[PDB]
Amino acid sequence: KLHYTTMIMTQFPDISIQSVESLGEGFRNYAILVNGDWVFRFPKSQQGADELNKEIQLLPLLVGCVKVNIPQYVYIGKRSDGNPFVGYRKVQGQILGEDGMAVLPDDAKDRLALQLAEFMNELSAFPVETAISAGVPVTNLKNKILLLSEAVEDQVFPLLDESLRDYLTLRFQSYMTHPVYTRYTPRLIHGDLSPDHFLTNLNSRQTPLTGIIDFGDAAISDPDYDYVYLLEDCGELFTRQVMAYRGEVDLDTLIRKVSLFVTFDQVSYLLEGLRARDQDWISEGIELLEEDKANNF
């Protein structure tokens, strides 16, 4: 508390702090709300610092290209050399969350699907070279999944029933051996496009999506990756609606491709629990892998 407030007030003489409250946190950042108005967002690691340095350069170039609100860093602070933090006016609205889309009526879901399709479209139109110049990495997704499959063999396979191992090997091979999945034209992607990052004003019937946050995973990569959490967290029906508005073709094949990404996400989630040495997380991740197999076959 006093730790974050002292850094803020030392570095920003125009901020007089009357209230401070925790707002949210993810794997890479801790966010607090100052005076009900300002989000101060603090990286949790050097990797978080790298991602924030990317966002500092990228987001100002994106503001004028998207039709939702995104964070605009007004305050740029430093913890010490190479350790930035930022402050931005809260992106307004209600975070939708996972449990949000499940309850929404048809007209609202239709409008949200249209707005998300448009947002993805805008990212796919953004000049890749400008993004790279802003520190956005070029992530060859085929090579990333190859490295993942090696890690799984080493760290994950020992924990599994051989039948679940057989399933995972099948999923990795189904992705890796099909050019229909592995070849793509790279684009700027958000990289973590899950509904915990969707800000809404459901009072607006026709334009319920108002904001998107957390661009820390932004990459030049496969645009189909930005469907992964739509499928995992919003469901196949909604995901297919977004795909239709975007003019995707052969949705059965595309859904299969994204479902492979979902499998790999479940592996990744377990690997994070193994890295953290969290037995509850490990057990949860093993269960999610079993559910992935049961849901697909």
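In this text, residue numbers run from 1 along the sequence as written.
- Annotation for 206-214 versus 144-152: the higher mean temperature factor (C-alpha) is found in 144-152.
- The deposited model assigns a higher average Cα B-factor to 78-86 than to the other stretch when 180-188 and 78-86 are compared.
- When the C-alpha B-factors of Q115, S174, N121, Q92 are ranked from the entry, the top spot goes to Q92.
- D265: CA B factor in the middle third of modelled residues in this chain (values from the PDB entry).
- Remark: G97 belongs to the middle third of its chain, ranked by C-alpha B-factor as recorded.
- Ranked against the other modelled residues of its chain, the C-alpha B-factor of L271 as given in the entry falls in the highest third.
- In this PDB entry, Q72 carries a Cα temperature factor that places it within the middle third of its chain's modelled residues.
- Sort the modelled residues of the chain by CA B factor and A134 lands in the middle third.
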